[PDB]
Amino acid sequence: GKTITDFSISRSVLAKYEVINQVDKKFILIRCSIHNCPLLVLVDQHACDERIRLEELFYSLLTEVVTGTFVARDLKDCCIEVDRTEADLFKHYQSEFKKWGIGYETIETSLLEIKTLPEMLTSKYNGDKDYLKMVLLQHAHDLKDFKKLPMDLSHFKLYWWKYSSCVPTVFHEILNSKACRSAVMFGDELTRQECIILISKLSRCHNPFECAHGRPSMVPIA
């Protein structure tokens, strides 16, 4: 029953960290007996909040998709002109797009008739047919070029991060921007108690070491 010792160490690091206080209305100063390879760390308060918020958004989205409860809003008069190869590509991945609330029919210089769209995508598309085509083609090419693997729903606790890679790029972008916008900003006041809650929640995240956009969330200063 062997494992790689380097993976477990990353989680236990943050777990041994007590909050000092907010620094310059931008950072949360944290401090770590048995100081091996680990003392003082400054956490970006925005990156911290954005990270917690993203993982909550991802957990909600993937719980809906895996349980077949993801809302699919009915769309009218949405027909997109597609090439023969594009039409074959959409015909091939129709079943895959249904899992994300994207419901269509391939007709016949063919036509793609979009019947349903999830609420996130309905809002982003805002009637722009050229935008929607680009976004659906991007995912279809991701699938065909082995850059994204299909959503396996054959499996029956839900670890959202085991399916995180399957999420279309357009969904990732929407969740990244919602988390960024909802997050606390630089210049905002935080009490020691709010800082305690923020770091407690961060230490429970799957990846507490970066913000939603992959930039570092903390820097050791010791």
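Just count from 1 along the sequence shown to find any residue number.
- Per the records, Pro38 is among the residues left out by at least a third of the other compared entries, whereas the shown structure includes it.
- The segment from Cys32 to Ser33 is interrupted, since 1 to 3 residues of the deposited sequence in that interval carry no coordinates.
- Mean CA B-factor, 109-117 versus 129-137: the higher value falls on 109-117.
- Stretch comparison (47-55 versus 66-74) by mean CA B-factor in the PDB entry places 66-74 on top.
- The residue among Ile20, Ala15, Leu198, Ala212 whose C-alpha atom has the highest B-factor in the PDB entry is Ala15.
- The PDB entry assigns its highest CA temperature factor, among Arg84, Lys99, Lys148, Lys124, to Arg84.
- Sort the chain's modelled residues by C-alpha temperature factor and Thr169 lands in the lowest third, per the entry.
- Residue-level temperature factors show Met185 in the middle third of its chain, judged at the C-alpha atom.
- The entry lists a Cα temperature factor for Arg192 that places it in the lowest third of the chain's modelled residues.
- Ranked by C-alpha B-factor against the other modelled residues of its chain, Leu61 falls in the lowest third.
- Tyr159: CA B factor in the highest third of modelled residues in this chain (values from the PDB entry).
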